[PDB]
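Colleague: from the sequence below, what's the structure:
(chains A, B, C, D, E, F, G, H and I, ligands or ions: 17)
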Amino acid sequence: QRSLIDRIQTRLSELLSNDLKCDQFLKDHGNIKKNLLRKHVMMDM
Amino acid sequence: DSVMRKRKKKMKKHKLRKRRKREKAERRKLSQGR
Amino acid sequence: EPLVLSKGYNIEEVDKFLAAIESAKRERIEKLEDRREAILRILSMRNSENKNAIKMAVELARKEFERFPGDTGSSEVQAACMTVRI
Amino acid sequence: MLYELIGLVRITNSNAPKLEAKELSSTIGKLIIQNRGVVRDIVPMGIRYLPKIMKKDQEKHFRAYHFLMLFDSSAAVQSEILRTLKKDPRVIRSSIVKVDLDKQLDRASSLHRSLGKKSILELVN
Amino acid sequence: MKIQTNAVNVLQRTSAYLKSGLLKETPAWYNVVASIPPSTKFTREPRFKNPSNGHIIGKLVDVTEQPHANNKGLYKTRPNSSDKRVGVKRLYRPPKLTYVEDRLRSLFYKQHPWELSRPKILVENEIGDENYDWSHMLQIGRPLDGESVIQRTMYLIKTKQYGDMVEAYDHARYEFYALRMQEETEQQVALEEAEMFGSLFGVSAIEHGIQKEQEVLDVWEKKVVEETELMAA
Amino acid sequence: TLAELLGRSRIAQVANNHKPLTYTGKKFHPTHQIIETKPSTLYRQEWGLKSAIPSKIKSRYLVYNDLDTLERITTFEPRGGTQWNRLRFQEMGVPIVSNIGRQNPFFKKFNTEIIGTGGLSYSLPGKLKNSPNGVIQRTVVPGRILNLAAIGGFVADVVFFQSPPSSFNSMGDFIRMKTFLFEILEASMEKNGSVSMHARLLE
Amino acid sequence: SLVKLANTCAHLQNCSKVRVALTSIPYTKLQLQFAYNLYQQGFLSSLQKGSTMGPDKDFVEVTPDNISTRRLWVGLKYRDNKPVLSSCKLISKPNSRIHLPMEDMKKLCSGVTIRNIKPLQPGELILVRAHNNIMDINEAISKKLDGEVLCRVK
Amino acid sequence: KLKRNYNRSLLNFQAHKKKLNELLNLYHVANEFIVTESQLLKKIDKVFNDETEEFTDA
RNA sequence: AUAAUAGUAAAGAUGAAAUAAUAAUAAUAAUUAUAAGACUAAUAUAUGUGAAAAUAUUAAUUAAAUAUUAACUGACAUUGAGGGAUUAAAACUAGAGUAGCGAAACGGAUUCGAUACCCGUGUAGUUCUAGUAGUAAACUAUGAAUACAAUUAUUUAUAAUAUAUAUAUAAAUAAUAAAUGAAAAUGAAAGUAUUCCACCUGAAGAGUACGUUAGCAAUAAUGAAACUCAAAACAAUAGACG
Ligand SMILES: [Mg+2]
Ligand SMILES: [Mg+2]
Ligand SMILES: [Mg+2]
Ligand SMILES: [Mg+2]
Ligand SMILES: [Mg+2]
Ligand SMILES: [Mg+2]
Ligand SMILES: [Mg+2]
Ligand SMILES: [Mg+2]
Ligand SMILES: [Mg+2]
Ligand SMILES: [Mg+2]
Ligand SMILES: [Mg+2]
Ligand SMILES: [Mg+2]
Ligand SMILES: [Mg+2]
Ligand SMILES: [Mg+2]
Ligand SMILES: [Mg+2]
Ligand SMILES: [Mg+2]
Ligand SMILES: [Mg+2]
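Modeller: Numbering: from 1, shown residues only, chains lettered A, B, ... in the order given. Ligands and ions are numbered 1, 2, ... in the order given. Next up is the structure itself:
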């Protein structure tokens, strides 16, 4: 559970850090944008 | 109430108590059977 | 009930723990049995206070009433907790 | 429930003082174990003189033998043990007092705690 | 003490008098005070930085700003008790100024008690005029002391010659010691030279001390005799 | 900034302490930073502290704890005796060496213990001291016997060939009056920061 | 709420009394509106959202994670040794809440005591709630809004 | 919610661990503890017959 | 209090004296030895704890209690007419108990007198068990709750600090600022505000009478009017006085 909690957060932080990367990730998947990213991360884990 | 003012009240209370003591037999007579 | 324990213990779990300890010691009888009995006596409800028993009853009530595992504070569970104390 | 005890026993015999004490310790320990109890430690103390000439029923005492018994029991059991102590003629003063187990499980006698050793593990080591 | 209206509203009160005709002639100060107005705004102003450290006073760390697990591995999901209390008194009460150098100073004098016996003049000469390169310890206007050591340590820390603070401190201490030894040797040899070339010192330090002790002892003795006599009788 | 200047400045330089100014216990080393004035600054009562210091004080040196207290007075004591003890020690010229077989600490997280000597002596042990009369082998110093002997701002253990009765027994507990000469053998320094001198009575 | 509003008014008065510069208030909508109205009339020097500990420099979005710790910081105002915001008496108290029609408000503005309200003063500001929006009483009259006479600042 | 669940469960686990440790300590101790008669008698003999380590202060 | 031991003429009391279950039937003091009740020296500050009455020799049992964290509930709260429960001392009804103290009573003093103040016998009472009753200067003479406001010094607890330091929090206690106030003074309330309850509207007559309810009772609550005055009361000021 702890590892799961960590993974979601760390990924999110990485996404926040890199803007160009973030858009590409969103495209690959399929404030609002951040929420969508978070949802995608949750789905992954 | 100051102490001086209280003393009048105290005196009144004492008088009342005295009256009650006096009118004990009379009170008893009045109370029973009516 | 006869083999109920205080201090948030469970008799089945305790025995298993003792067995595991014994196994560990072996890796690294009558006396052992006597020690186990002594431990049980120490941790029994009937030697412990009433407070422990009450706490156990409250916990049981909570378990019964909780509308989900975490619930403490559900109006119903609060009422149930109150009842035991009452 | 861990109850400490302090009994100041009688010492009638001059040459062999501890016998009565030893008998008392045996009997009360036997009672404890018959009644779901668990005696943990039986700390002896010396043949210590009393502060004043303390007197039981139709007797007098100036010296006594002192000891602690550090046992577990029920409350009712403990109370009855106390009563039996009060009753018997071969003890001068008796005193049971609770040792609180809300925080710890292993708790040494009061004397040992005063010295330094909190748990009986420390005493063992 | 209430905020006095009447100390700062002087020109207004006089202007009224002048208007009336109570005052025929204007004061000397009147025009000057008109030109240069008083403050008259006696507020409690809040402060947002500690100047010494540079810590922020006003801000609050949020639950979202602390994502990772705490000591004892619990995730903060709620505001605590202290995060709800209105911390306005912290904005207004003046900040306790803290320096890293103070701790070093404290350490030094613990390690070197007899450095305290070296007298210190606290009466400042022009603080603006000085210009010390802490590449070395021996500055000109400044004497050799624990302060100089500490300044050297700070310089080392800044420059990152010694990344660790402790190592820099040790280095500064070692620099100091050599200098102190040199100073000690200088005085002794100067004294020796003086002795050789027929210089004459009337009162040496130890002799002076002995003399000082002697007077005190004499005072004590007479008193002590009187006390003994008193006791006897 | 101002803050930086304050941190640098001479009051910040004096390391704070709330140790007693009156300490009747055993004094093995200085407690407080001695603070001197110049004569001129003394004349207009300025010591480089928060306030003026009373005109009753005519000594140039002092010791303090608080710049200002609730009692509206700086907590000070007008005395700097510790410097004079150090200067006496220097004059005596007996170099402090660790009697235990150890390296001199001045050569080569935090340790609060005293690094070698406390800085009363940065003298090295190997030197001799010549004079017109010659090379001084034995260091001659005047001191007072108490009962131990007070020798130039330090108490020191004493030894002799024979205990002299004429000087001692004539005035049994007024031996402090008469100053005797001493030959200081060596000075060791213990962990507590006490200077353990050893002298020899000359007659 | 109206009790809250009264409490904030009292706090403002207290702060005016001792001459503090910058003062916290609870973070609600009504309270915020009130603060904004004061700012626009010219009683507050500053108005800004922030933490319980201080006013916020950057924007921080308010959520269930923050809301309990959130706060409304407000700059007070002084001139010639006299505070601008002297008073903050409210009119509609929690127990006797008063709701005037437009005519009554007009009368109040033009120096007529109504429902035991002293009619509004030269340098005064009576705030009026009308459909969960606080306004000046003059503004409300102009727009023609029958509203709750909230409070009074001078 | 997940974080809150973790917080709830972690503390409980820690408490359980502590209880187990305490139990283990008790078990280690318990050779000195007494239940039977013979053990009690042995303890008595150790205390009294040896004439050693009587708790008396001086 | 009783008894024994040895021992000798006073003892006890008071301002000074006497009366008394004091003493030449051998006391008092002393030393022992039994019994009986009732009280709890120091620590102690009622600090603290309790809703308030209250509450400090020890132990045990059962009950209730603090803070901070974690999680949960989602305004479930505040106040509270009527109502309910607890409520010092005295008092009362039973049944035990009764050392000391002690209304009353009697006696001795004191005094012009002394139904007193002092002394002596000392009954109710004080003590326990079961109740009745529901009042006190039951007082902080200050109803409860919430939000807020300027300092300092003391302790107490909490957290961090690199266990003993100087820090951040609270809590209480003591000095104050402001503010309020008739002033005395209040000081986080007697300040700024909001909410709810209780209560007051000149003094006498009166918390009286009548009535009703409750009580074994004493009584408790409820609670008028006529008649008569321009009085009546508080804070502070300066005297005089002791
Ligand atoms: Mg009144
Ligand atoms: Mg109360
Ligand atoms: Mg007491
Ligand atoms: Mg009482
Ligand atoms: Mg009674
Ligand atoms: Mg009776
Ligand atoms: Mg009498
Ligand atoms: Mg009752
Ligand atoms: Mg009454
Ligand atoms: Mg009453
Ligand atoms: Mg009372
Ligand atoms: Mg004032
Ligand atoms: Mg008012
Ligand atoms: Mg008033
Ligand atoms: Mg006061
Ligand atoms: Mg009627
Ligand atoms: Mg009545």
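
Colleague: for chain G, see how far away the spatially most central residue of chain E is.
Modeller: By C-alpha atoms, centre = their mean, chain E has its centre lying nearest to residue E:102, at 8.9 Å. Between residue E:102 and chain G the distance is 27 Å, computed by C-beta to the nearest C-beta, to the nearest Å. To be clear about C-beta, it is placed using only N, CA and C from the backbone, and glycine gets the same treatment.

Colleague: OK, contacts around that residue?
Modeller: When contacts are counted by C-beta atoms under 8 Å, 6 or more residues apart in numbering or on different chains, residue E:102 touches F:12, F:15-16.

Colleague: just give me the closest of those to residue F:26.
Modeller: Closest approach between the contacts of residue E:102 and residue F:26, by C-beta to C-beta: residue F:15, at 22.2 Å.

Colleague: now that closest one: closest residue in space that isn't a chain neighbour?
Modeller: Nearest residue to residue F:15, sequence neighbours excluded (C-beta to C-beta, 6 or more residues apart in numbering or on different chains): residue E:105, at 4.0 Å.

Colleague: and the host helix or strand of that neighbour, is it in reach of RNA strand I?
Modeller: Assigned by DSSP states H and E, residue E:105 belongs to helix E:100-111. No - against RNA strand I, helix E:100-111 shows no contacts by C-beta under 7 Å from any atom of the strand, the least distance being 8.2 Å.

Colleague: what about the nearest residue to residue G:43 once chain neighbours are set aside, how many neighbours?
Modeller: Leaving aside its sequence neighbours, residue G:43 sits nearest to residue G:85 (C-beta to C-beta, 6+ apart; 4.4 Å). Using other C-beta atoms under 10 Å in any protein chain shown, residue G:85 has 22 neighbouring residues.

Colleague: what's near enough to touch residue G:85?
Modeller: Applying C-beta under 8 Å, 6+ apart, we find residue G:85 in contact with G:12-13, G:16, G:38, G:43-44, G:76-77, G:153.

Colleague: can I assume residue F:199 sits in a strand?
Modeller: Yes - when DSSP: H, G, I helix; E, B strand; the rest coil is applied, residue F:199 is found to be in a strand.

Colleague: got the residues of chain H near RNA strand I?
Modeller: Residues of chain H lying near RNA strand I (C-beta under 7 Å from any atom of the strand): H:1, H:3-5, H:7-8, H:11.

Colleague: among these, which ones are buried?
Modeller: H:3, H:7 (16 or more other C-beta atoms under 10 Å in any protein chain shown).

Colleague: what about residue 21, neighbour count?
Modeller: I went with chain A, as the question did not name one. Per other C-beta under 10 Å, the neighbour tally for residue A:21 reads 11.

Colleague: actually, chain F is the one I wanted.
Modeller: For residue F:21, using other C-beta under 10 Å, the count is 14.

Colleague: and for whichever residue of chain A sits closest to chain G, the neighbour number?
Modeller: Chain A approaches chain G most closely through residue A:31 (7.9 Å), counting by C-beta to the nearest C-beta. Using other C-beta under 10 Å, residue A:31 is surrounded by 6 other residues.

Colleague: quick one, what contacts it?
Modeller: Counting by C-beta under 8 Å, 6+ apart, residue A:31 has contacts residue G:61.

Colleague: so residue F:86: helix, strand or coil?
Modeller: Three-state call for residue F:86 (three-state DSSP): helix.

Colleague: of the residues of chain H next to RNA strand I, which belong to strands?
Modeller: Counting by DSSP state E, no part of these is found in strands.

Colleague: now narrow the residues of chain H next to RNA strand I to whatever sits close to chain E.
Modeller: Among the residues of chain H next to RNA strand I, the residues within reach of chain E (C-beta under 8 Å from any C-beta of the partner chain) are H:3-4, H:7, H:11.

Colleague: could you dump those residues to JSON lines with distance to residue G:92?
Modeller: Shown next, in JSON lines, are those (distance: C-beta to C-beta, whole Å):
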{"residue": "H:3", "distance to residue G:92": "44"}
{"residue": "H:4", "distance to residue G:92": "41"}
{"residue": "H:7", "distance to residue G:92": "45"}
{"residue": "H:11", "distance to residue G:92": "48"}
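
Colleague: do I have it right that residue G:22 meets residue E:43?
Modeller: No - using C-beta atoms under 8 Å, residue G:22 is not in contact with residue E:43; the gap is 9.3 Å.

Colleague: more neighbours, these two?
Modeller: Each of residue G:22 and residue E:43 has its neighbours counted (other C-beta under 10 Å); residue G:22 has more, 23 against 15.

Colleague: what's the closest non-adjacent residue to that one?
Modeller: Nearest to residue G:22 is residue E:46, by C-beta to C-beta, 6+ apart, at 4.9 Å.

Colleague: please apply the same query to residue F:57.
Modeller: Distances taken as C-beta to C-beta, 6+ apart put residue F:78 closest to residue F:57, at 4.7 Å, once the chain neighbours are dropped.

Colleague: what of residue E:85?
Modeller: The nearest residue in space to residue E:85 (C-beta to C-beta, 6+ apart) is residue G:52, at 6.5 Å.

Colleague: stretch E:168-178 and RNA strand I, are they touching?
Modeller: No - figure legend: stretch E:168-178 not in contact with RNA strand I (C-beta under 7 Å from any atom of the strand); closest approach 12.4 Å.

Colleague: ok and the residue in chain B nearest RNA strand I?
Modeller: Chain B approaches RNA strand I most closely through residue B:2 (3.3 Å), counting by C-beta to the nearest atom of the strand.

Colleague: count the neighbours of that residue for me.
Modeller: Neighbours of residue B:2 (other C-beta under 10 Å): 6.

Colleague: likewise residue C:76?
Modeller: By other C-beta under 10 Å, 13 other residues sit near residue C:76.

Colleague: for it, list the residues it contacts.
Modeller: Contacts for residue C:76 (C-beta under 8 Å, 6+ apart) come out as C:65, C:67.

Colleague: what residues does the residue positioned nearest the centre of chain H make contact with?
Modeller: Central residue of chain H (C-alpha atoms, centre = their mean): residue H:26, 2.5 Å from the mean position. Applying C-beta under 8 Å, 6+ apart to residue H:26 gives the contacts C:39, C:42, D:105-106.

Colleague: name the nearest of the residues you listed relative to chain A.
Modeller: The nearest one, if we look at the contacts of residue H:26 relative to chain A and count by C-beta to the nearest C-beta, is residue D:105, at 29.5 Å.

Colleague: got phi/psi on that closest one?
Modeller: phi -110, psi -50 (degrees, to the nearest 10).

Colleague: so how far is residue E:153 from the residue nearest to residue D:99 when sequence neighbours are not counted?
Modeller: Spatially, and ignoring its direct neighbours in sequence, residue D:99 is nearest to residue D:2 (4.2 Å; C-beta to C-beta, 6+ apart). Using C-beta to C-beta, to the nearest Å, residue D:2 is found at 57 Å from residue E:153.
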